[PDB]
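Before any questions on how it binds or moves, here is one chain, the form deposited without its partner chain, in structure tokens.
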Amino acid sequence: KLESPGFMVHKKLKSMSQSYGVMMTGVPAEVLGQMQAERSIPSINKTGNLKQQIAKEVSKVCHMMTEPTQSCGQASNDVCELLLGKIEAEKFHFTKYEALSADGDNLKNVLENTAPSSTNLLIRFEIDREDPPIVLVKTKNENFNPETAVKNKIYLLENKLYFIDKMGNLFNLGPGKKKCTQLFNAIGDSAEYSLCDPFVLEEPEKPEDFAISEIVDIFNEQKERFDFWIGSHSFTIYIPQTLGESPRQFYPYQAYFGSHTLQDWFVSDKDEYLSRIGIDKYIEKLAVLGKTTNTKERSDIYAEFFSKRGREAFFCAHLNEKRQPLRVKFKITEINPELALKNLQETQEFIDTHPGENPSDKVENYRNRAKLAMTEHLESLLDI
């Protein structure tokens, strides 16, 4: 089979990732271990047993390296870095996302206006869910420390009404000290109260329910100060240049934290499986995920596209239903296959430098050196 240089990017990336998993980041093992040691230092109690807490922290990290701990964002970053190169990946990273139009037209048209034989496209997607606060916590100010408080809640003190958002930003919601002192006393003593409860915002009876409904209306009137959106998935699609009049093919790439790595994805050939749906039908279903209000339909598309292969049935079932609305945004660039292939071969050669007859021996050698570098870095930093 003769294939374009563009397709050879995809084939090379897939094969290497299948074989070498974590080594594709190109990060030397001694660098990875020192970063894990530094990341776990805040976890260690200076007064306690040092030689003991070290062995525990190195044991956690050892556990994790055989668990699926690669995040979707990291997987996407790694693809963009390999395909675009370090410098142009950072440009792309500061490009703004465009919201996918209602039918993917804006994205279908970009594809319509590019010659399958001339161009190699990399599309990056992000998927956010709308996550507004749903609890109000009444606390006296003595035992309110804004640095520690749980996020995405509304807090009512005697003299302030605060919204702590997902980033820990503290928003004063507007009322003065007198109005807060009145709201604070009208409400009873639960820990938390709900702010979404029906016939508790529309048909209030109890004075406490009026107070609560009153805070809800204050929050809603100023809702555009806030961003309730939070990321839930990140992934890329690669569309290599075609040969002759061969049809145009897309390959989706992803990891999903706690479910599977980019390597697991490729080993399961779910990229090939989804490839067969065709880029139009894929984008079409992506669009549906964005506008729908149908929970079953929402959970189904998300699971079909983004679950570990073989778990389409329950990835988003029950507790893991996709209850909140989703929006789909994207951003697209072009690829110089010769740069991409050159970056993959620099990775391959960094991998070949590792002792080990099989790919699986190299990965173990990489993991062991990372473990050993993490221990020693932890020892040196703690004076053992």
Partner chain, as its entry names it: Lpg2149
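Only the largest set of C-alpha atoms that superpose within 1.5 Å between the two forms is called the rigid core. Positions refer to the first chain, counted from 1.
Just so you know, the form deposited with its partner chain bound exists too; it's not on screen, but the next bit is about it.
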{"property": "Which of 182-190, 160-168, 136-144, 282-290 sits within 4.5 Å of its partner chain in the deposited complex, heavy atom basis", "result": "160-168"}
{"property": "Contact label in the deposited complex: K56 to its partner chain, heavy atom within 4.5 Å", "result": "no"}
{"property": "Close approach of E346 to its partner chain in the deposited complex, 4.5 Å, heavy atom", "result": "yes"}
{"property": "Touches its partner chain in the deposited complex: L82 (any heavy atom, 4.5 Å)", "result": "yes"}
{"property": "Non-hydrogen atom contact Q34 with its partner chain in the deposited complex at 4.5 angstroms", "result": "yes"}
{"property": "In the deposited complex, the one of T242, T236, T114, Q74 near its partner chain [non-hydrogen atom within 4.5 angstroms]", "result": "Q74"}
{"property": "Single option in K86, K91, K177, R225 placed near its partner chain in the deposited complex, where near means a heavy atom within 4.5 Å", "result": "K86"}
{"property": "Residues of 17-40 having any heavy atom within 4.5 Å of its partner chain in the deposited complex, listed in sequence order", "result": "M24, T25, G26, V27, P28, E30, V31, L32, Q34, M35, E38, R39"}
{"property": "From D131, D300, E158, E126, residue displaced between this form and the one not shown - CA threshold 2 Å or more, rigid core", "result": "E158"}
{"property": "Rigid-core frame, C-alpha of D209, shift of 2 angstroms or more between this form and the one not shown", "result": "yes"}
{"property": "Rigid core superposed: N113 CA moves 2 Å or more between this form and the one not shown", "result": "no"}
{"property": "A37 C-alpha moves between this form and the one not shown by 2 Å or more, core aligned", "result": "yes"}
{"property": "Cα distance between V150 and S71, which in the deposited complex differs by 3 Å or more from this form, closer or farther", "result": "farther"}
{"property": "Shift in CA distance, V216 and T295, in the deposited complex relative to the form shown here, given it is 3 Å or more", "result": "closer"}
